[PDB]
């Protein structure tokens, strides 16, 4: 530490790392970049892939939100107890990222016309996660193993925004509904989710959700 998140004023790709830091009792500095500032073009050319999030952990500057998430998993001890678990956490986080990729394209490229087709195809995309939970202690623990990982925080965020998009999407997925309820109730996540910083922040930049 110290931790600094540099990002646009939206939840987007930074709300899972914010929830992880909050639930682990860490504090961080939030460096908000407004669109006017981004459009001035001084910040972008200093960013490795010209995009945000940018994260600082003391000495180390990182880019790519999943690299930042895996870094926090590795350094805060949220990456499983052994290689098999870590391999499975990666498979989970990668599946999360694929659906987050589709969600971002719906929101920003085709909200109006794509929405009903997205939501109709959503159960087939949520089913893998329900299968993984049943296979792990009947869905009563975390997505991989007995302890929380970086992957849980990223999956919870993905499910929380899909419930805003399609309110009953978890009605036929009992283990995922219970998982969402369970993890949201964790004292420090529950507190973070009720914080004005989280609440005043839009999910996406274009007003859709």
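Residue numbers count along the first chain shown, from 1.
In this entry, 105-113 shows the higher mean Cα temperature factor of the pair 125-133 and 105-113. Averaged over their C-alpha atoms, the temperature factors of 14-22 and 196-204 are higher for 196-204. When the C-alpha B-factors of 154, 147, 61, 163 are ranked from the entry, the top spot goes to 147. Among 40, 34, 51, 65, the highest C-alpha B-factor recorded in the PDB entry belongs to 40. Among all modelled residues in this chain, the alpha-carbon of residue 75 has a temperature factor (C-alpha) in the middle third.
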